[PDB]
Amino acid sequence: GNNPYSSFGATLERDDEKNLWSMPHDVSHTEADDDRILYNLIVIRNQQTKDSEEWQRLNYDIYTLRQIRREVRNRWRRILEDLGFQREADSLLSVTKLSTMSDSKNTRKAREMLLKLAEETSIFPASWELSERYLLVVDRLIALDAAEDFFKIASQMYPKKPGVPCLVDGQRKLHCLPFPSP
């Protein structure tokens, strides 16, 4: 059931009284603190039972995170596709020419996608965070038919620079169709 707990009576004298906990503990937080501190609520689960109303809320808060992922993709799909520039934005969310749908709930899987989104591409330069509401606002900008600008900015976050991996030459390709025998 519950994991082992440290014995009481430890020596706190060697440790600072203020220590690091509560709001200060949220200093190392990721760009969106709501996600990091949310998982903190899960820690309480280690202290809490399924009954626990707050930890459930952790799940419902992350679920909402799923909602941001779905709406944005629906935006990228419409901004880049209408112009045909679909590949760059595809790359950041997870639309690598892969059509995939899950009737079962993903929830946390959305956050992974957004966090990784920022690391490989940014629509606006990397110091730009991508939220569902801002992005949607940016969408209306695309409405002006100036999307090529996105490419220049999004590219600019992840431009081809030294240290790029090289594809090994000499690979053998498979025959898509059969050919006459010798």
# chains A, B, ... in the order shown; residues from 1 in each chain; ligands from 1
$ closest_atom_pairs --of "region 64-99 of chain A" --to "region 137-161 of chain A" --cutoff "10 Å" --atoms "only C-alpha atoms" --output "CSV"
residue,atom,partner,partner_atom,distance
A:72,CA,A:139,CA,9.5
A:75,CA,A:139,CA,6.7
A:76,CA,A:139,CA,8.0
A:78,CA,A:139,CA,8.5
A:79,CA,A:142,CA,6.2
A:80,CA,A:147,CA,7.3
A:82,CA,A:145,CA,9.3
A:83,CA,A:147,CA,7.4
A:84,CA,A:147,CA,9.9
A:85,CA,A:148,CA,7.9
A:88,CA,A:151,CA,7.3
A:89,CA,A:154,CA,8.4
A:92,CA,A:154,CA,9.8
$ select_by_dssp --residues "chain A" --states "alpha helix (DSSP H)" --output "VMD selection string"
chain A and resid 33 to 47 53 to 83 86 to 93 109 to 120 132 to 142 148 to 157
$ residues_around --residues "region 21-35 of chain A" --least-positions-apart "4" --cutoff "10 Å" --atoms "only C-alpha atoms" --output "list in words"
residues 39, 40, 58, 61, 62, 65, 108, 111, 115, 129 and 131 of chain A
$ closest_residue --among "A:1, A:133, A:94, A:81" --to "residue 120 (chain A)" --atoms "only C-alpha atoms"
A:94
$ residues_around --residues "region 45-57 of chain A" --least-positions-apart "6" --cutoff "12 Å" --atoms "only C-alpha atoms" --output "list in words"
residues 1, 2, 3, 4, 5, 37, 38, 39, 63 and 64 of chain A
$ atom_distance --atom1 "CA of residue 162 (chain A)" --atom2 "CA of residue 98 (chain A)"
28.5 Å
$ atom_distance --atom1 "CA of residue 86 (chain A)" --atom2 "CA of residue 123 (chain A)"
12.1 Å
$ atom_distance --atom1 "CA of residue 117 (chain A)" --atom2 "CA of residue 93 (chain A)"
5.6 Å
